[PDB]
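J.: After the structure tokens below, expect a handful of questions from me.
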Amino acid sequence: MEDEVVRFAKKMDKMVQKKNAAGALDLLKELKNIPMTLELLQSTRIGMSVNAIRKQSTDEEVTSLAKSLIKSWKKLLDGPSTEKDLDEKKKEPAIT
């Protein structure tokens, strides 16, 4: 359900805007129990929302969870070498 996933992303964005660390954590836990495909991640960049939460989060477990999510994404990509040595794209320090 892409529409449902989009709603979760929208809700996640609201949590980021409200800076609700607890809400974000609960959503992250839910994401851990709900499997996502690489295509879903590519179409829905929920990782960006998680990364945004990481920037506004000083909780180590939240940052660790975000890192785990990205590593999981890389495992799904099955090409961590290019992501790790990603230099074909310009990485911005912050996303406005």
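If you check the header, you will see the structure was determined by solution NMR.
Keep in mind that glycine also has a Cβ here, set from the backbone N, Cα and C atoms.
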J.: Which one of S57, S64 gets the tag phosphoserine in Swiss-Prot?
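T.: When Swiss-Prot is consulted, phosphoserine appears for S57.
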J.: From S72, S81, name the one Swiss-Prot lists as phosphoserine.
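T.: Checking Swiss-Prot against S72, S81, the phosphoserine entry points to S81.
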J.: Between the Cα atoms of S57 (phosphoserine) and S81 (phosphoserine), find the distance and write it as a whole number of Å.
T.: 28
J.: For the domain 'TFIIS N-terminal' (3-80), give the DSSP counts of helix residues, strand residues and coil residues.
T.: 64 helix, 0 strand, 14 coil
